[PDB]
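> Let's see this in three dimensions:
(one chain, ligands or ions: 2)
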Amino acid sequence: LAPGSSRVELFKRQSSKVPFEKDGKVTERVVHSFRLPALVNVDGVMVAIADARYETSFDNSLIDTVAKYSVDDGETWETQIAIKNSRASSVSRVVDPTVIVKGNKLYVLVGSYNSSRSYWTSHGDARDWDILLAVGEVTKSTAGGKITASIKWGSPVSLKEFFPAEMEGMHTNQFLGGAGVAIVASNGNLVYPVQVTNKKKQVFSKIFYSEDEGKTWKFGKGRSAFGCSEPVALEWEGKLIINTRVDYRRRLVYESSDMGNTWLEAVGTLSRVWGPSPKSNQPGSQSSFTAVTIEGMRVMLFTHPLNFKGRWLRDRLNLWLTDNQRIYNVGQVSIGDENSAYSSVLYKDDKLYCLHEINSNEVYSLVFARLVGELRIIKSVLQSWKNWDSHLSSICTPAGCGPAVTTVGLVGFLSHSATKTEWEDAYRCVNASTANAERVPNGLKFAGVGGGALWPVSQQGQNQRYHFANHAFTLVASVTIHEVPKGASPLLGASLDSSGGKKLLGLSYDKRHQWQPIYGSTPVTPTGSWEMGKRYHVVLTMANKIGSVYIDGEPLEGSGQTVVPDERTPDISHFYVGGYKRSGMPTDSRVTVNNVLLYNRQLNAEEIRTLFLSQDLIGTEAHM
Ligand SMILES: *[C@]1(C(=O)O)O[C@@H]([C@H](O)[C@H](O)CO)[C@H](NC(C)=O)[C@@H](O)[C@H]1F
Ligand SMILES: [Cl-]
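Residues are numbered from 1 along each chain as shown. Ligands and ions are numbered 1, 2, ... in the order given. Below is the structure:
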């Protein structure tokens with residue numbers, strides 16, 4: 001939890017009571033565990049929705065949906081049961097409450113089970129299952145001269161009639177919300193991303209939506225891959241971005257422009273960025289994933305545990321910030337090594353909050369954290385993003401002024417700022433490690449075995465912000481060679497392996513004053529000519545499985561070669577700059593590199609020309 005931030009145990013395990021209703025009697029009843037946080041703002045009233053697991057944290061046990069609500073931003077709360085289970089047996093339950101706010105109404109979608117003791121995807125049929133929608137209406141008033149609120153909950157309505165018996169290629173079984181908070185789309189639709197099972201017990205994600213305030217519901221025709229569960233969605237630039245849990249794998253993210261009729265994996269942005277554990281080989285989690293506007297900029301906030309401990313313990317809840325280009329780790333919201341899986345982040349009246357689980361010995365509480373420090377950090381990073389983008393766009397490029405320098409898809413920028421061991425990203429997301437580097441205006445001068453910079457791709461580890469590069473990228477730099485090498489030496493490239501020996505696309509230079517562009521594992525043909533001490537502009541582009549190399553805005557002879565040989569997707573280890581930064585490699589690159597730009601797409605010819613013409617205008621030197 002950041003400096004300046006603080007929390008309380010709001011839903012306290014084995015302590016907090018809720019109004020348990022049965023057979024017309026209400027009794028204040030202590031709850032064993034609280035799970036499934038959803039934290040929202042309803043027209044000024046903060047509402048926290050959760051599971052009240054009365055007897056045990058076991059998933060398949062007695063559970064009602066609880067709400068707490070506050071009119072004073074969480075200083076005090078009132079408590080109610082929003083949705084009661086069927087009371088059919090000792091384990092009846094309403095589950096995984098998923099919330100949409102529209103106007104002064106909360107729409108809460110829950111599964112309902114009567115008597116099963118088995119995990120939902122293990123059920124061979126829907127004998128025990130229903131899917132219910134309850135609506136809460138929030139009214140504000142002023143008793144005793146003070147602002148008050150109340151929430152009146154409707155009786156739940158089954159949406160089972162809207163679940164078709166078949167979906168292409170399958171027979172349907174059950175579906176549930178993806179927990180947390182869903183959305184109202186820009187056309188007014190209520191949109192729940194849902195997790196669905198078929199009779200083969202496969203799980204997949206769909207979009208489940210309503211055009212008439214929840215009276216009737218439709219499924220979008222498309223779907224995720226099998227294995228994509230518990231989805232969470234937001235709307236971004238006219239599209240749904242649907243962010244899915246995949247147990248034992250990296251999270252898949254999809255886009256859909258047509259209310260889920262067609263799903264496209266978001267390979268160029270967010271898909272496969274977030275891993276569920278260090279080695280992405282453990283269970284995944286529910287995630288908060290929201291679009292908000294902070295100081296005038298639309299951005300997304302994402303949470304997920306790092307899960308160093310493994311299995312479902314899911315320690316180390318982390319918060320991420322992205323503009324759909326750059327991806328910034330705000331940091332750890334939870335405290336120390338506590339277990340902290342499910343979460344919900346709310347941005348209300350320019351204050352940031354998080355309701356999340358803490359788990360000791362499978363006894364769960366929800367803490368309510370005031371993310372004061374995290375908001376400060378987020379505002380700082382966004383100011384940096386805005387400022388660098390403004391600055392680059394403002395430059396009057398050489399013909400009045402030529403086309404603007406493009407900042408669309410500009411993810412990273414290595415320029416003047418460097419510490420002894422790192423070359424700093426101006427966008428503050430991913431620094432490059434360095435060795436044997438000397439600071440120069442807007443870059444670094446390198447020498448010696450082991451020398452260079454490493455800008456990590458898969459080497460980022462669990463969370464891979466530059467995964468897009470496996471699909472398309474542009475890497476740009478200004479270079480000067482200071483000594484003729486003994487053989488062929490590296491200058492810039494994308495490496496498939498950790499050494500740099502196995503390249504996707506690169507540029508080397510040789511003892512005969514020629515360039516050696518490297519296209520995957522294709523035999524290298526030297527070409528062109530360079531002069532010691534002269535500065536050159538280098539662009540490497542990769543898209544559509546094809547790699548190109550440009551010097552001074554022009555493609556080397558024979559460029560435009562296939563670099564992805566066989567339909568496996570690349571797994572780029574890192575970009576290397578100014579050497580390999582590997583003492584295991586015998587090369588000595590004596591070179592200066594300035595102003596390294598990374599984009600998440602293949603730039604066009606105009607954009608490349610503009611960068612070349614503008615290369616002495618773009619550095620960060622005069623600003624820090
Ligand atoms: C979370 C959890 O991992 O801790 O998992 C849910 C599902 O297993 C997940 O959505 C994949 O289907 C549980 N839901 C149900 C209905 O079992 C959550 O309650 C929670 F358990
Ligand atoms: Cl099936």
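
> Isn't residue 135 up against residue 106?
Yes. Contact criterion Cβ atoms under 8 Å: residue 135 and residue 106 qualify, at 6.8 Å. Every C-beta, even on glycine, is put in place using the N, C-alpha and C of the backbone.

> Of these two, which one has the most company?
The neighbour count for residue 135 versus residue 106, taken as other Cβ atoms under 10 Å, is higher for residue 106 (25 against 19).

> State the helix or strand in which the more buried one lies.
Assigned by DSSP states H and E, residue 106 belongs to strand 105-113.

> Now do the strands in the stretch 301-450 of the chain.
317-322, 327-332, 343-348, 351-360, 363-370, 410-418, 422-425, 432-435, 437-440, 443-446 (DSSP state E, counting those that start in this stretch).

> ditto for the stretch 1-150 of the chain
For the stretch 1-150 of the chain, the strands defined by DSSP E, counting those that start in this stretch cover 6-11, 17-22, 25-30, 33-42, 45-53, 63-70, 78-83, 93-102, 105-113, 129-141, 148-153.

> and the second one, what does it pack onto?
Yep, that's strand 17-22 we're talking about. Here strand 17-22 touches strand 25-30, strand 63-70, strand 78-83, going by 3 or more Cβ pairs under 8 Å, 6 or more residues apart in numbering; DSSP states H and E.

> which strands and helices sit next to the longest one?
In terms of contacts (3+ Cβ pairs under 8 Å, 6+ apart), strand 63-70 is packed against strand 6-11, strand 17-22, strand 45-53, strand 78-83, strand 93-102, strand 129-141, strand 148-153.

> Mind listing residues that contact it?
Residues from elsewhere that reach strand 63-70, judged by Cβ atoms under 8 Å, 6 or more residues apart in numbering: 10-11, 18, 20, 31, 34, 45-54, 76-85, 93-95, 97, 108, 110, 134, 136, 138, 149, 151, 153.

> Buried ones among the residues you listed?
Neighbour-count burial within these applies to 10-11, 18, 20, 31, 34, 45-54, 77, 79-85, 93-95, 97, 108, 110, 134, 136, 138, 149, 151, 153; the criterion is 16 or more other Cβ atoms under 10 Å.

> Distance-wise, check the residue of the stretch 451-600 of the chain found nearest ligand 1 relative to residue 62.
Across the stretch 451-600 of the chain, the shortest distance to ligand 1 (Cβ to the nearest ligand atom) belongs to residue 462, at 17.9 Å. Using Cβ to Cβ, to the nearest Å, residue 462 is found at 36 Å from residue 62.

> Between the strands of the stretch 301-450 of the chain, which one is closest to ligand 1.
Minimum separation from ligand 1 across those (Cβ to the nearest ligand atom) falls at strand 351-360, 8.4 Å.

> how big is the angle separating the closest one from strand 45-53?
Using axes from the mean of the first three to the mean of the last three Cα atoms, to 10 degrees, one finds that strand 351-360 and strand 45-53 are set 10 degrees apart in direction.

> Spell out which residues of the stretch 201-350 of the chain are next to ligand 1.
When proximity is defined by Cβ under 6 Å from any ligand atom, the stretch 201-350 of the chain lies next to ligand 1 at 229, 230, 286, 312, 341.

> Most neighbours of all the residues you listed, which one?
Busiest of these [other Cβ under 10 Å] is residue 286, holding 28 neighbours.

> That one is in what secondary structure piece?
Assigned by DSSP H and E, residue 286 falls outside every helix and strand.

> List the contacts of it.
36, 178, 179, 180, 230, 232, 245, 341, 342, 343.

> do the same with residue 607
403, 406.

> Figure out how far the strand or helix carrying it is from the centre of its chain.
Assessed by DSSP H and E, residue 607 sits inside helix 605-613. Taking the mean of its C-alpha atoms, helix 605-613 sits 31 Å from the chain's own mean (Cα atoms, centre = their mean, to the nearest Å).

> Pull the CA coordinates from it and hand them back as CSV.
Extracted C-alpha coordinates of helix 605-613, given in CSV (Å, rounded to 0.1, in the frame of the first residue of the first chain):
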residue,chain,number,x,y,z
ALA,A,605,6.9,5.9,-45.0
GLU,A,606,6.0,9.5,-44.1
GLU,A,607,6.4,8.8,-40.4
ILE,A,608,9.9,7.3,-41.0
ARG,A,609,11.0,10.2,-43.1
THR,A,610,9.8,12.6,-40.5
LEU,A,611,11.7,10.8,-37.7
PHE,A,612,14.9,10.9,-39.9
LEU,A,613,14.5,14.6,-40.7
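
> which SS state does residue 215 fall under?
coil (DSSP: H, G, I helix; E, B strand; the rest coil).
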